[PDB]
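What follows is a single structure, written as structure tokens, with notes after it.
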Amino acid sequence: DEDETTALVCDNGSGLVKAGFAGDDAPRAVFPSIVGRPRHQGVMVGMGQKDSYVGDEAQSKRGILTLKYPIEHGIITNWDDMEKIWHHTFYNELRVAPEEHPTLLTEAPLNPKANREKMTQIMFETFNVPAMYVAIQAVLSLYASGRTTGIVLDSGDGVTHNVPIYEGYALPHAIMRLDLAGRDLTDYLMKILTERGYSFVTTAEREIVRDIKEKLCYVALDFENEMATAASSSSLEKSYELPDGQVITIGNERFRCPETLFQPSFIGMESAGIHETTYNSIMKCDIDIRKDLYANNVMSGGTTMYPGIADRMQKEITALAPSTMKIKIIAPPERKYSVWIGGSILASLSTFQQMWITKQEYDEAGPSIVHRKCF
Amino acid sequence: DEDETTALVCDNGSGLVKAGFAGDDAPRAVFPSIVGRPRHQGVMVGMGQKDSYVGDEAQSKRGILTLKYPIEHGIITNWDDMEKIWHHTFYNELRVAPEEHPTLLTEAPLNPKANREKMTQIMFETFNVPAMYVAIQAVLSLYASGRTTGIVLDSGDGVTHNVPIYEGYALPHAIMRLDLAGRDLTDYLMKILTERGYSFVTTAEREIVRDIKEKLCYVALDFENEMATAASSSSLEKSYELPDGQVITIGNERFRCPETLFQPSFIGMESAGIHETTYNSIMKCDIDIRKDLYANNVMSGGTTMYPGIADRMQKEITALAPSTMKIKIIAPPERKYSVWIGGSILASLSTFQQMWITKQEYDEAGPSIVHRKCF
Amino acid sequence: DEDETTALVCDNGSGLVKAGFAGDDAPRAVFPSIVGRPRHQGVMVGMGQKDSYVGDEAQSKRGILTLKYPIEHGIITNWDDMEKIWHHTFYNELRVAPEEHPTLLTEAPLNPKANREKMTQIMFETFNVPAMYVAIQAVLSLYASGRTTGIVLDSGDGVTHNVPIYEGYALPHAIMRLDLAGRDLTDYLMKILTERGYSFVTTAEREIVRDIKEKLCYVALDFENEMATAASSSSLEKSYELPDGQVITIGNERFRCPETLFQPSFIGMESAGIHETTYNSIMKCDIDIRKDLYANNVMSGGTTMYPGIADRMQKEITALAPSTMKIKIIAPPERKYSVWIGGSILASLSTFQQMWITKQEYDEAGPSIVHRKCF
Amino acid sequence: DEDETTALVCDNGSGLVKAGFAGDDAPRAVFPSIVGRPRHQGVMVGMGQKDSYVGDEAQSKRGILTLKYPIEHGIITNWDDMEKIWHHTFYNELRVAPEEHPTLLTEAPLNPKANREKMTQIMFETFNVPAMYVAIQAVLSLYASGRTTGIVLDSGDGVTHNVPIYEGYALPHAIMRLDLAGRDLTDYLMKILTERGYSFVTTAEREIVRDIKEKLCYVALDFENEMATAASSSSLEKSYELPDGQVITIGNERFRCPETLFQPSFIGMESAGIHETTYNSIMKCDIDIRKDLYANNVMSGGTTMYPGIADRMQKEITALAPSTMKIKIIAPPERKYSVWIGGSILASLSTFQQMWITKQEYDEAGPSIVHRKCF
Amino acid sequence: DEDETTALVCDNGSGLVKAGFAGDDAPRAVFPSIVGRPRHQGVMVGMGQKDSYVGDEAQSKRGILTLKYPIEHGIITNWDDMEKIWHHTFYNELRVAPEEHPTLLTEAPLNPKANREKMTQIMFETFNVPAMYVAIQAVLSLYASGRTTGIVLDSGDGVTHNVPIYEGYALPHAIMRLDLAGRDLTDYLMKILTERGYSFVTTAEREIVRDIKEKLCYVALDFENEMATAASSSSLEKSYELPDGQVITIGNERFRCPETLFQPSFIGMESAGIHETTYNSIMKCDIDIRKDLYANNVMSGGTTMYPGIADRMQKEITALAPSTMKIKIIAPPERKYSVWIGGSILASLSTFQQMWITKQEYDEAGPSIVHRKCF
Ligand SMILES: Nc1ncnc2c1ncn2[C@@H]1O[C@H](COP(=O)(O)OP(=O)(O)O)[C@@H](O)[C@H]1O
Ligand SMILES: Nc1ncnc2c1ncn2[C@@H]1O[C@H](COP(=O)(O)OP(=O)(O)O)[C@@H](O)[C@H]1O
Ligand SMILES: Nc1ncnc2c1ncn2[C@@H]1O[C@H](COP(=O)(O)OP(=O)(O)O)[C@@H](O)[C@H]1O
Ligand SMILES: Nc1ncnc2c1ncn2[C@@H]1O[C@H](COP(=O)(O)OP(=O)(O)O)[C@@H](O)[C@H]1O
Ligand SMILES: Nc1ncnc2c1ncn2[C@@H]1O[C@H](COP(=O)(O)OP(=O)(O)O)[C@@H](O)[C@H]1O
Ligand SMILES: [Mg+2]
Ligand SMILES: [Mg+2]
Ligand SMILES: [Mg+2]
Ligand SMILES: [Mg+2]
Ligand SMILES: [Mg+2]
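Protein chains in written order, with the authors' numbering: chain H, 1 to 375; chain G, 1 to 375; chain E, 1 to 375; chain F, 1 to 375; chain D, 1 to 375.
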């Protein structure tokens with residue numbers, strides 16, 4: 001802390017929560033965010049008569065308690081129950097009071113106005129923040145790696161982004177709030193397993209099936225060929241183990257799951273497509289300036305990690321876009337941390353002290369002000 | 001038969017088997033499907049030294065022989081032993097060879113892939129089907145009553161469906177394979193009887209307790225009030241008789257049994273709820289097109305018959321769904337026969353001859369093909 | 001005999017012996033089985049210096065020689081001395097060698113294992129049986145009258161049975177080896193006579209008092225009333241004559257003697273009761289299947305003949321068992337012959353030739369084998 | 001007693017009664033529970049003209065008086081006559097009035113509702129309990145040994161349990177009220193002795209044959225091999241002595257008796273099987289959480305003591321359950337006392353004072369309330 | 001007498017009569033019971049012209065008057081003539097009127113019903129008994145010596161008993177009315193004397209020969225050896241004197257006479273045997289309870305006194321009965337008085353006043369009532 005407090009940073013992405021102090025490599029503490037209640041009554045009293053919350057222990061005990069995601073698609077529907085997640089985050093992982101160290105809140109772009117004003121009140125009023133700013137998901141990634149120019153994609157468990165940013169300026173013509181996420185992607189996985197005869201349907205049950213994809217999955221550069229080849233032989237079949245109960249085998253569904261990200265045709269919505277999506281945003285920008293963006297494409301966030309993301313993405317973007325154009329995915333191994341890390345850099349980079357807002361100003365001004373001055 | 005054979009239809013639901021010829025009102029022969037063996041040895045020889053199978057006679061003699069359901073949750077685990085059920089159905093009830101008259105097989109949606117390919121081989125190879133198609137449970141109901149547009153629910157002894165179908169098209173976003181059934185519902189009944197001091201636990205024993213619910217049961221429009229009122233007085237108590245052994249009385253447990261269908265909270269799983277379930281499927285459809293579905297809701301199948309199913313279902317759907325919306329259950333007195341009857345209409349409706357598959361094509365193509373072209 | 005020998009059948013019940021050839025109405029020769037020695041020495045030599053055995057002549061000469069029952073409660077304690085009974089039976093009544101014509105042995109169920117294995121050796125080794133099978137008392141009755149389904153009671157001079165048999169199968173949950181018999185019943189008679197001032201105590205003496213009951217006795221539908229009414233007047237008193245010595249009169253003890261069969265309370269053991277006993281066996285059967293047994297109750301054997309057995313048995317079974325249930329005693333006038341006759345039917349009913357066992361197989365296998373394959 | 005009374009605990013299992021004060025090692029007084037009347041009249045008057053009850057002295061004098069078990073399968077059919085057992089227990093063994101020291105009642109789970117409400121009235125009204133709670137058999141075991149997590153089996157003389165409990169919570173999906181017990185197991189023993197030629201049939205007679213098994217019996221890890229080996233030689237035969245009358249020898253039936261517990265196939269019911277039974281309960285639990293239960297299996301109660309219970313149980317559970325899974329029986333030498341001891345811990349563990357119920361509350365509320373708040 | 005009369009007790013065994021007042025050591029007056037008439041006419045008149053009766057004087061004058069035993073085997077055949085015996089007993093030995101002091105009648109168990117009802121009338125009507133009870137021979141012995149538990153044998157001049165009694169209760173399964181007595185035993189003596197050339201045959205003649213056995217006799221532990229040894233030498237021969245007429249010598253027949261009691265093989269009836277008899281009664285009792293009876297065997301009555309009764313009885317009971325069992329004869333030197341003395345104790349032991357019956361009750365009720373309430 002010293003004479004002047006460090007900059008506390010909190011990710012609050014959608015399902016995964018990242019927290020910590022001023023610009024520091026890797027977040028101080030990471031844990032999934034859930035806060036449900038136990039399914040039914042237990043005979044014992046006073047030994048286990050206490051609620052399981054905020055992942056971690058609650059996360060470990062999946063079977064007894066149903067887990068609920070407080071926020072969907074980067075939108076907080078739960079609100080009040082969610083606040084405890086921050087409550088747990090501040091005391092424990094950080095073990096610091098909200099009023100002392102300034103914290104950077106992170107909010108997904110193009111979401112209801114209410115979420116940002118109300119979020120401020122919860123943190124600002126209940127926690128009397130010493131200094132705070134509602135951050136934008138896509139911008140922070142740029143601060144980290146990828147220099148200061150390019151297009152960033154941060155598909156997550158609830159929300160995905162594709163915002164074009166040139167130099168110190170970013171054009172708002174094609175932000176692209178696609179209704180896709182690793183979470184719902186997981187659901188598709190649950191439905192397809194029926195193919196293998198496995199059935200999963202519950203909050204904890206979903207948790208177990210979730211990650212299976214992380215461990216097992218291929219983007220497949222030529223997709224079409226993959227189904228015809230994988231179906232032909234075991235090759236990519238391999239195996240995985242399901243906790244105690246059984247041993248599951250991820251047939252050729254192992255590579256088809258990732259495609260919905262690329263073309264929701266399988267899921268059922270033709271609204272967007274990753275190779276088709278990244279392209280539209282870049283087109284709705286100055287025709288003269290796109291070269292800097294084509295070669296500055298950087299993928300950071302969830303699903304980005306997915307095995308071979310850059311590979312399929314790379315070939316497709318080239319197909320639709322004109323030749324003689326240099327296109328790169330600049331996908332870093334440290335990706336997925338852009339939101340917290342990049343944000344941390346901005347927070348404790350001094351000379352940027354004025355942008356942060358605190359007590360007094362907000363009290364004299366309407367909740368609209370906190371939302372104002374943000375972009 | 002004539003110059004060209006009629007269309008033989010076979011339900012093969014899960015526990016109840018329906019069979020017959022081309023689109024004919026009501027199925028030709030109905031009987032429960034079981035095929036277990038006698039519990040122990042009998043001294044007599046040659047007079048009773050023959051196995052009791054395929055319900056009917058086997059069904060009548062419940063005490064001496066344990067009955068097993070060859071398929072659970074619309075999933076065939078037994079496979080080979082089950083085939084005799086069809087064997088008995090073909091010779092006796094229909095008394096027609098499998099090679100001559102074309103038959104429509106019925107299969108529950110979102111089940112293991114293996115069931116459909118393997119089922120084909122058994123019927124296709126062992127019976128050399130002249131023509132056949134693996135049907136879908138939910139679709140056939142629409143063909144019968146309810147016009148050509150709406151949402152159908154066919155809760156059965158093993159599997160339940162809630163698939164939204166608009167016009168000649170159906171959206172696959174929320175089929176809903178709930179893990180509920182009249183059968184397991186029966187088990188709950190067996191456990192609650194302990195309340196009255198009655199104990200039942202065996203295949204035949206379950207059979208007797210099974211149907212008791214059919215004879216005695218109320219959905220209860222306001223449930224909460226029912227326990228408080230029914231417990232207060234005898235009113236709904238009435239009575240029932242148990243074969244020779246005693247006379248049982250279905251206390252206030254008479255109306256509580258049906259609720260688990262509505263809210264498995266009592267059974268112990270919070271995954272689904274009828275009023276909550278039907279709603280989710282409709283929501284996961286085009287926001288603009290839902291009105292046709294709200295007013296075209298039709299319930300056909302087991303448990304649907306349950307006294308007052310439409311009543312409780314009706315009021316609850318209206319509560320969660322927005323006002324000014326017209327919702328109906330279009331529950332027909334002939335329901336439960338949609339699978340066979342509706343199917344029969346499709347089978348012998350001509351101009352649909354090409355969809356049916358037969359010998360030669362399958363032999364030249366992999367078992368995958370029979371599974372293919374189906375949806 | 002012809003090219004292939006007929007089926008010789010031997011009852012060997014407990015005190016009464018029945019023998020004969022293949023399924024023939026009524027047994028070839030009947031006589032009580034005893035084989036004791038003369039009480040003391042006679043002066044004459046060579047004219048009467050020969051032992052009196054195997055009833056008949058020995059039976060006629062009761063005073064000079066004490067008679068012993070080789071088997072008690074269907075259990076052979078004497079063993080070796082008993083074999084002569086068969087010896088006499090084979091040569092004389094049947095006048096056929098044991099090695100030629102195949103014979104069916106009869107054994108009481110739930111008795112020591114030794115009796116059946118040892119019995120085989122005596123007949124199998126000493127007599128080299130051409131073919132034989134150790135039969136079960138209760139089963140044979142079913143073959144005769146009573147169809148193929150029901151419960152049979154064969155109370156005898158040593159052993160009684162109550163085995164429930166459904167169709168070609170019989171459940172072993174409640175065979176019921178009650179420790180009751182007409183013989184010991186006789187003893188009760190001897191003790192009660194003291195009431196009338198008559199004293200009997202010896203093997204021959206017991207023989208005379210035995211049968212008296214057969215000639216004089218009433219089951220009494222309302223028992224309680226009988227003692228109060230019979231004591232009031234002579235009515236049922238009537239009379240009987242005792243060979244030469246005196247003329248006895250069977251007071252009201254005439255109807256009380258049969259009750260001990262129904263309730264050994266008088267004899268002194270509360271273990272079983274006929275009305276209470278038949279009921280327990282049926283209850284320990286499938287709850288669903290009991291109706292066939294209630295209406296198929298058939299009494300065959302000793303004491304069954306007793307005057308009015310069906311009458312008292314009839315009303316009582318109805319009292320404890322639930323109403324609306326049809327119960328019958330199906331007591332045939334030819335009863336008591338079920339063991340031999342029914343058995344004879346099974347023996348010479350062909351197509352049942354494989355079950356019979358003979359020389360060679362037993363020699364190569366242990367005595368346990370003869371016991372095995374039996375049930 | 002002091003200023004505040006200690007916690008009196010009463011087992012009331014089914015045949016064996018345990019009683020005592022607040023959480024104390026081993027129960028204060030143990031004795032079997034029976035309360036029958038003498039078989040017949042004795043000439044002497046005023047010296048022995050007094051009834052023999054509540055085991056102990058009554059138990060010692062088995063021949064003269066028939067003993068009846070007031071409760072079967074954890075179900076009280078006798079009710080009123082049974083109350084004296086508690087009457088004897090309170091005065092004598094404890095020698096304390098029911099109104100002063102609070103007592104914990106023990107009731108078998110999944111039994112008629114009436115037993116728990118009526119039991120309360122008898123103790124609550126007739127004894128005006130200062131404080132009481134109707135306990136659950138399975139839960140208490142957990143409190144003692146086995147930590148706070150696992151699956152417990154407490155097979156007894158009338159009722160058996162297999163309830164899965166995780167942490168301070170227990171799932172009710174598979175409690176498993178198997179219709180098995182040490183008592184009925186004894187009956188099987190009585191029927192098989194006929195093999196050795198020994199006959200037993202009466203309340204006292206049963207008592208003598210009962211315990212014989214305790215003294216002589218083997219679970220047999222490979223069963224099949226045991227019959228083939230034991231029959232081959234005397235080895236396991238050994239010997240036992242029957243009071244005065246004779247000396248019995250427990251042939252190879254010594255190890256077969258325990259199997260019916262494992263597979264009632266011998267008894268005649270295929271409803272359950274120990275290795276098959278423990279498995280089903282664990283399966284009907286969260287798929288993710290079962291590891292804690294597999295390694296936390298603890299057997300406490302009757303028949304559990306049976307020689308080698310853990311051995312056979314151990315290998316079989318491992319066979320059907322998937323590999324790589326750690327399974328233990330955590331069978332303690334002090335087992336069988338879990339019901340009383342574990343219960344005593346809960347009773348006198350303070351901070352659990354509110355759960356106990358007393359006078360006033362029950363009087364103002366219906367008997368349903370005492371049943372309510374229990375689980 | 002005082003304000004309330006003492007309890008008069010009358011043995012009336014069979015040949016010997018015992019009489020007296022309330023529980024007093026040793027009977028007040030003892031004398032054999034006979035009442036015959038003089039053989040022929042005497043010339044003298046008025047000096048000896050009076051009948052000789054009721055033993056004593058009549059007994060002294062054996063030659064002139066033939067003596068008749070009014071009762072045989074504990075059965076009164078004479079009836080009317082016998083009453084004078086009581087007539088003489090009441091006036092003379094007791095010198096008290098029958099109406100004043102209450103008296104206890106003694107009756108042998110398992111005798112004709114008539115003897116007990118008719119006996120009541122004679123005493124009750126002719127004597128108007130102030131209070132009376134028909135006692136049982138065997139029970140009274142227990143009251144005296146031998147505690148309250150055991151088996152008693154009271155072989156007498158006409159009747160013998162072997163009734164097992166446990167605690168205040170006695171089981172009726174094997175009372176054992178053996179047809180043996182010291183009297184008939186005497187006859188055997190008369191016949192064997194022919195061996196020595198002595199002839200005796202008349203009522204008085206029998207009296208003289210009777211007692212000779214009392215004075216001279218050995219039970220002989222090894223019997224067989226005794227004939228072989230005694231015949232070898234004079235040893236046991238010794239001598240006796242016959243009144244005036246001659247001096248007889250009891251050769252080796254001295255020890256053989258007692259054996260018939262043990263085995264009537266010599267007399268001619270194989271019905272019973274002392275060592276074999278005591279054993280059967282104990283066996284026909286609860287198998288579990290026999291130990292108390294084996295060690296509580298007590299012999300009281302006639303022939304019991306016989307020299308060495310306990311010796312032979314002791315070794316033999318041990319031979320047939322299983323080892324490790326403690327058996328005793330608890331034969332008291334005061335035995336033979338159990339019937340009167342033991343009875344007297346019961347009579348004047350107060351609190352047992354209700355059992356006694358008197359005038360009024362019997363008059364209003366049938367003679368059957370006096371017989372009723374007795375056991
Ligand atoms: N290495 C990985 N492989 C596959 N999927 C991943 C991987 N890492 C994260 N994910 C998925 O990314 C989603 C969350 O992404 P992310 O954007 O990083 O979190 P947040 O939005 O909370 O900041 C989840 O559905 C998760 O399963
Ligand atoms: N009229 C009825 N009332 C209550 N339950 C019924 C009724 N008819 C059928 N059921 C229940 O419905 C289930 C089988 O339903 P169904 O779907 O019609 O058969 P299937 O799946 O074999 O085609 C059973 O559990 C049965 O008990
Ligand atoms: N007609 C009858 N009336 C009374 N008792 C009879 C009659 N017939 C046979 N009994 C009795 O039945 C007993 C023998 O019965 P049974 O079973 O027929 O013979 P077994 O066991 O030798 O085959 C005897 O005690 C006999 O006295
Ligand atoms: N050590 C033992 N060996 C074999 N059986 C035993 C042993 N201990 C108890 N049993 C049996 O367990 C049964 C009673 O068990 P338990 O559950 O402990 O009593 P309760 O149900 O009354 O609490 C009886 O059938 C008894 O014979
Ligand atoms: N001391 C004795 N020695 C041998 N025999 C005796 C003795 N005392 C009595 N007896 C015989 O016992 C018989 C009468 O026995 P008891 O039972 O005592 O008399 P009661 O039946 O009249 O009561 C007579 O035959 C008598 O001779
Ligand atoms: Mg993110
Ligand atoms: Mg169906
Ligand atoms: Mg018979
Ligand atoms: Mg217990
Ligand atoms: Mg006497």
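Using N, Cα and C, we set each Cβ at its ideal position, and we do this for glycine too.
Nearest CA to the CA of residue i: which residue from the options?
i: H:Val298; options: H:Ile369, H:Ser350, H:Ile151; result: H:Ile151
i: D:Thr66; options: D:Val247, D:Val43, D:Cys285, D:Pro38; result: D:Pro38
So for residue i, helix, strand or coil by DSSP?
i: H:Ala19; result: strand
i: F:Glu72; result: strand
i: H:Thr194; result: helix
i: H:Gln246; result: strand
Would you tell me roughly how many angstroms separate the C-alpha atoms of residue i and residue j, rounded to the nearest one?
i: E:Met176; j: F:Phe200; result: 12 Å
Using the Cβ count rule (16 or more neighbours within 10 Å means buried), how would you classify residue i?
i: F:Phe262; result: buried
i: E:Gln41; result: exposed
i: H:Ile287; result: exposed
**Item:** Those residues, in chain order, that have a beta-carbon closer than 6 Å to some heavy atom of ligand 6
**Value:** Those satisfying the condition are, in chain order, H:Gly13, H:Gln137, H:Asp154, H:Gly156, H:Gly301, H:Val339.
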